[PDB]
Amino acid sequence: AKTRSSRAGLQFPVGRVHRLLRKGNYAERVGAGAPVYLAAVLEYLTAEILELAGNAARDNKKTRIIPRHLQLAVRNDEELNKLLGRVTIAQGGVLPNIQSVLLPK
Amino acid sequence: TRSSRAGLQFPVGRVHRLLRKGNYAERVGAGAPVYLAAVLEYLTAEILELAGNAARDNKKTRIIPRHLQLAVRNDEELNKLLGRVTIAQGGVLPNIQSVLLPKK
Amino acid sequence: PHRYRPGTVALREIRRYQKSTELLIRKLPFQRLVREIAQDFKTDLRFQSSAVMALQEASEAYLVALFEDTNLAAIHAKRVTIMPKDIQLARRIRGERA
Amino acid sequence: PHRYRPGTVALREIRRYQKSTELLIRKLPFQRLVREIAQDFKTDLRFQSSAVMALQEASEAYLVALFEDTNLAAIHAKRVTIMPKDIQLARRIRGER
Amino acid sequence: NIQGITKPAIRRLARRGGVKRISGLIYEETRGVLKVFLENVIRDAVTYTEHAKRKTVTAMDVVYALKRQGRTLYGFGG
Amino acid sequence: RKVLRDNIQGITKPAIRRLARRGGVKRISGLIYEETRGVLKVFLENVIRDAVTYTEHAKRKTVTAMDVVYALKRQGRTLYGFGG
Amino acid sequence: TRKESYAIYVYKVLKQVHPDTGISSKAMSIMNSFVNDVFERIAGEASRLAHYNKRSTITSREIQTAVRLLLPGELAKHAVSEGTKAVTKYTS
Amino acid sequence: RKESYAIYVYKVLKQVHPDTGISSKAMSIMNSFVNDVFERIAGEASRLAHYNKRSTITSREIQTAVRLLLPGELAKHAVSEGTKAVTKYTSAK
DNA sequence: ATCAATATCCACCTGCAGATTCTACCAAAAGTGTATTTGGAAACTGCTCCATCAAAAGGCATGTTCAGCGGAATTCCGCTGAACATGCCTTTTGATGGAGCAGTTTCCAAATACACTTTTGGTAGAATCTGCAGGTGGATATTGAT
DNA sequence: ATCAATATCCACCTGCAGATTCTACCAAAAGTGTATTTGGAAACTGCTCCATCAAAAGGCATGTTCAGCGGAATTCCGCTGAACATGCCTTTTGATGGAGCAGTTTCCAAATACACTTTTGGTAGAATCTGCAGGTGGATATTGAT
């Protein structure tokens, strides 16, 4: 039997997602495409960030992603920074940044 | 009706109908539509009172938006409950920074 | 010939406008600006006049409230004349930007 | 004896701190403060070690994020020293009052 | 068009905002913002429009927009 | 027990400096530290009020991290990392 | 077709507070928007509350706690009052 | 139970960066992320559906949803990936 | 512009905790397959209400003048940062008793599902109505030149 | 202190847009009465993790001295915005075809609902594994005195 996920060509569980859509009433009914498309976006978004993070780690000669990395990947990316502009990543610190005038001469 | 039983002017029946039809939860207690009815009406009078005043203290007997704005932005609590809301045709409270006043 | 000192009329305009609620921008010019900004997302559209009013009521409001946090920023800098830097400073803190 | 000019160490400290992620507030003390404040509301309460932690991550995150806006205000005033009025303009504008 | 949003106009707004002195540069700044505002809002309303398979934006479409922009507005729909 | 008292002084001047640094702040007034503690107290007050409410609605006596999380999300300070 | 609205109930509540006061049209609209807003807001948090607790029913319980979470101090107070009060009157 | 998206993340993790691992915390944070994003799109969807007296949420809403929530390129790409996945699924049985 | 006092940068080395690799078990899941219900797209049809032409209204662009505000420069008092000495208390490793969270079987008070039936709130076309905004006056206060 | 050019009020007036009162209308609520169903409170308790106590220890808080340089204050100029009278370009006000917003009937593709079958992924947890923290010496800066 072909899990809808494979039928859809995804790694994220389409079954889980359609399921959650239900036990969390967002609407009366839920079309079979709905979860497919959603798990799709979810998978895309997470890949996008893991990419950026993976690299973060690489730059810090680290081979395991930690929070900071996730923080870096997010704040350095104009578009993911606005998507999480109100989200706070525990243990992520802040981007090194010192205002001009403060520097010595 | 349930509204008269609850001694409320607000439509308990309708509030009930809107709750279920608002996909908020699977089922819905019978007292919830009542209670919420109760609190909707309550806040409703609270504004009307102040805004009613606003009309009086303006020498007018007809409430317009201005009055409603003057009633919310002048009350500490209501203003906080609507700090993110904009009332069409309401203007602002008369206010001018001290330093901008003509030095005597 | 009698003149009014710098700031006296302005000061009474502050008084005038905080009393009224009237929309301060000319309807048409505005409406015109709306559709145009809009025509870049879809085309051959139409607007309920009622939807242009919302939009105008809304923007004016925002701007007004913005000129408030800005006028505060100017004063914070011991001034009385609002400058871009003040608008920028507020918007930056408002998180509306960075 | 040798000594650094005023400003030099502070900077070293920003480069440092902006580079790490460990919490900055003593742990045990904070916990206490949370337990006090909670008690004003309830009593006979308990806390998941992690709940206290979640609260710390948030508080520092908020205070840190705040000082930045503050530090901006000051600068906007041709200053480099954050004063209470900077912390206040920030919140007045931020919309926290 | 944008220039259609005149100085006297922007003047008035700042007045309601309580402003006494206004730098000449303030105008080209104001407009740029006024534009950024409308873009973000109009964008979302029109989206709500397309979705309803409609060729005219309805005040509700706007209100809904404003709503998710965190700029709720009363007077044009519950 | 122990009449928990004045713990807001547990937030040392040092600590409030360390935070200002990560904040990219070079020089600090003498009045900041207290003003700061003032700001901190309110922050917790608002977050704990809400948090404890959820804890109470659940008829529990132990404040879960989840409580703090909903409490946080409610005020638009969403936190990732604790079971959110 | 038809378009419901709280207007009617608003007017009722008006005269029980300012027997002799009229209300602008635009004004009534704002009062409506107001109601719907609040409604959606309480209804909303209440929804969440239930979900959090793996419950499947929104009850006065939720509406209340909800109201505590949504409304400002004193305001929240009375709100609960009128609240429990309408439910008492209704049951008995 | 108390499910998570951990394995699914890990797979994708292994897809983009083959020799890189993730710390238990970082995963906590990715899980939060996922759930969070899920909850919003669904939300936006839910309302969008209501606004249009529609009772069903279809891939159609989930889409507009994504256009309303995500910015610039992210949405443009998201939409793609989403439409893609659907049709591929739609054309199979 | 040389320089010594210090913090920084770094590639090594490695013990320990936290991440990885599983045999072992599964209750909750996700899939499969008719059976049964219906949400809403699709097409035809007004009837609003919106884009557009056009005329008499009334706010903006423009320039000359100078009042007064912002920015530069100079000055100095003492606030605030760096370095140092003393020692308190937070942190770290264990461990114990028992509060209270969470899991399980149980069964009834309240919620859901029609079916029926009386009722009220939303047009609407028609009429009647009145709070108040414009609009004249002339009384008087504010502002500004002297 | 003295006018006098103007802005701001107050009292009264009247038309009219727009709130209000009239009544038939009736679909769609809202309420009632019956029958079935199930969410989750109660009771018993298995067991996780929270409050707590002991104790050794050094990271880090506290408190002081000493002076560098930042904030505040004062002065002063030129340069930019405010006030204003002037000429008219255009936004605002009102009349009339027609385009989409919707109201309504249609029917089928699709989403329940439900009895079964089976593949999955939390996980209790014994064994195995491995990236990196934290100690360490040493070469490359970065500062601040002269």
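Residues numbered from 1 in each chain as written, not as in the entry; some residues may be left out. Chains lettered and ligands numbered in written order. Heavy atoms only, no water. Residues with missing side-chain atoms left out of burial classes, pairs and counts.

Method of determination, as annotated in the archive: X-ray crystallography, at 3.15 Å resolution.

Undergrad: Mind showing me how you'd approach the nonpolar core here?
TA: One broad rule of soluble globular proteins: the nonpolar side chains tend to lie buried together. Core analysis: the largest hydrophobic core is formed by 66 residues, its most contacted members being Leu36 and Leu68 of chain B together with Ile23 and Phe39 of chain G. Secondary structure elements with two or more residues in this core: helix 2 (12–20), helix 3 (31–56), helix 4 (65–72) and helix 5 (76–81) of chain B together with helix 1 (7–15), helix 2 (25–52), helix 3 (60–70) and helix 4 (73–91) of chain G. With sequence-adjacent residues up to four places away left out, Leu36 of chain B is seen in contact with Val15 and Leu19 of chain B together with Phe39, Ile42 and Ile63 of chain G. Counting residues in hydrophobic clusters, the runner-up holds 65 residues, among them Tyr26 and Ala40 of chain A, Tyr80 of chain F together with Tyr89 of chain H. (Core = buried A, V, L, I, M, F, W, Y, C linked by side-chain atoms within 4.5 Å. Buried < 20%, exposed > 50% of the residue type's maximum accessible area, 1.4 Å probe, protein only. Helix = DSSP H or I, 4+ residues; strand = E, 2+ residues; numbered from the N terminus. Contact = heavy atoms within 4.5 Å.)

Undergrad: Just checking my understanding: could you explain the pattern of salt bridges for this structure?
TA: Any two side chains of opposite charge can pair if their charged atoms end up close together. One pass over the structure, following the stated rule, counts 38 salt bridges over all chains. Between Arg92 of chain C and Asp69 of chain D there is a salt bridge whose closest N-O contact spans 3.2 Å. Here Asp69 of chain D lies in helix 3 (residues 49–76) and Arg92 of chain C lies in helix 4 (residues 84–93), a pairing that spans two chains. Assessed through its relative accessible area of 23%, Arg92 of chain C is described here as partly exposed. Residue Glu96 of chain C is joined to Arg94 of chain C by a salt bridge in which the shortest nitrogen-to-oxygen separation is 3.1 Å. Assessed through its relative accessible area of 21%, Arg94 of chain C is described here as partly exposed. Here the salt bridges share partners, and the residues they tie into one network are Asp69, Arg91, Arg94 and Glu96 of chain C together with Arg92 of chain D. (Salt bridge = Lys/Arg side-chain N within 4 Å of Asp/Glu carboxyl O.)

Undergrad: Sorry, what's going on with the environment of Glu57 of chain D here?
TA: Turning to its location among the elements, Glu57 of chain D is positioned in helix 3. Excluding its chain neighbours within four sequence positions, the residues that come into contact with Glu57 of chain D are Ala90 and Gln91 of chain A, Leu23 of chain D together with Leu79 and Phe82 of chain F. A polar contact of 2.6 Å, which involves the side chain of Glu57 of chain D, links it to the side chain of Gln91 of chain A. (Polar contact = N/O pair within 3.5 Å; in protein donor to acceptor, adjacent residues only side chain to side chain.)

Undergrad: How do you make sense of the packing of helix 3 (residues 59–69) of chain H against helix 4 (residues 72–90) of chain H when you look at a structure like this?
TA: The description of two packed helices rests on the angle between their axes and on the distance between the axes. All names here are of chain H. The N-to-C vectors of helix 3 and helix 4 enclose an angle of 165°; their axes lie 9 Å apart at closest approach. With respect to helix 4, the axis of helix 3 lies roughly antiparallel. Seen from above, helix 3 lies across helix 4 with right-handed handedness. Note on element contacts: helix 4 touches helix 3 through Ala75, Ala78, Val79, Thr83 and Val86, opposite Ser59, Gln63, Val66 and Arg67. (Axes fitted to C-alpha atoms, helices over the stretch in contact; angles between N-to-C directions. Parallel < 35°, antiparallel > 145°, perpendicular 65-115°, else oblique. Left-handed = near helix turned anticlockwise from the far one by under 90°.)

Undergrad: How should I be thinking about the protein's contact with DNA strand J in this particular structure?
TA: In the vicinity of DNA strand J, 74 residues are found, and the nearest of them are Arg16 and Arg29 of chain A, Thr81 of chain D, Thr57 of chain G together with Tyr8 of chain H. Here a phosphate oxygen of DNA strand J and a backbone polar atom of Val30 of chain A are 3.4 Å apart. Separating a phosphate oxygen of DNA strand J from a backbone N or O atom of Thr63 of chain A is a distance of 2.7 Å. Partitioned by chemical class, the residues of the surface near DNA strand J number 18 nonpolar, 20 polar and 36 charged. (Near = heavy atom within 4 Å. Nonpolar A, V, L, I, M, F, W, Y, C, P; charged D, E, K, R; others polar.)

Undergrad: When you look at helix 2 (residues 27–38) of chain C in this model, what are you seeing that I'm missing?
TA: Owing to its 3.6 residues per turn, the α-helix aligns residues three or four sequence positions apart on the same side. Helix length check: helix 2 of chain C (12 residues) gives 16 Å between terminal C-alpha atoms against 16 Å at 1.5 Å per residue, within 8%. Those residues of helix 2 of chain C not exposed but buried are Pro29, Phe30, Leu33, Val34, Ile37 and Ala38 of chain C. All buried residues of helix 2 of chain C lie within an arc of 165° about the axis, which places them on one face of the element. Packed against the buried residues of helix 2 of chain C are strand 1 (46–47) and helix 3 (49–76) of chain C together with helix 2 (26–51) of chain E. (Expected span 1.5 Å × (residues − 1). Arc of directions from axis to C-beta.)

Undergrad: So what exactly am I meant to see when it comes to the interface of chain A and chain H here?
TA: For an interface, size is often stated in terms of accessible area lost upon the parts coming together. Contact with chain A, which involves 53 residues of that partner, is made by 57 residues of chain H. Around 5,100 Å² of area is buried between chain A and chain H when both sides are counted, 71% of it from carbon and sulfur atoms. Along the contact surface separating chain A from chain H lie 2 salt bridges. Salt-bridge contacts for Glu3 of chain H lead to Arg16 of chain A; the nearest nitrogen and oxygen are separated by 3.6 Å. Here chain A is connected to chain H by 18 residue pairs in polar contact. Elements that contribute at least two residues to the side of chain A that touches chain H include exactly helix 1 (4–8), helix 2 (14–22), strand 1 (29–30), helix 3 (33–59), strand 2 (64–65), helix 4 (67–75) and helix 5 (78–83) of chain A. By residue number, the principal contributor to the side of chain A that touches chain H is helix 3 of chain A, which donates 19 residues. Partitioned by chemical class, the residues of the side of chain A that touches chain H number 33 nonpolar, 9 polar and 11 charged. Here 2 bridges tie strand 2 of chain A to strand 1 (residues 21–22) of chain H, and the two strands are oriented parallel to one another. Note on strand 1 of chain H: the bridge partner recorded for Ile65 of chain A is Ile22 of chain H. (Buried area = accessible area lost by both parts, 1.4 Å probe. Pairing = 2+ DSSP bridges.)

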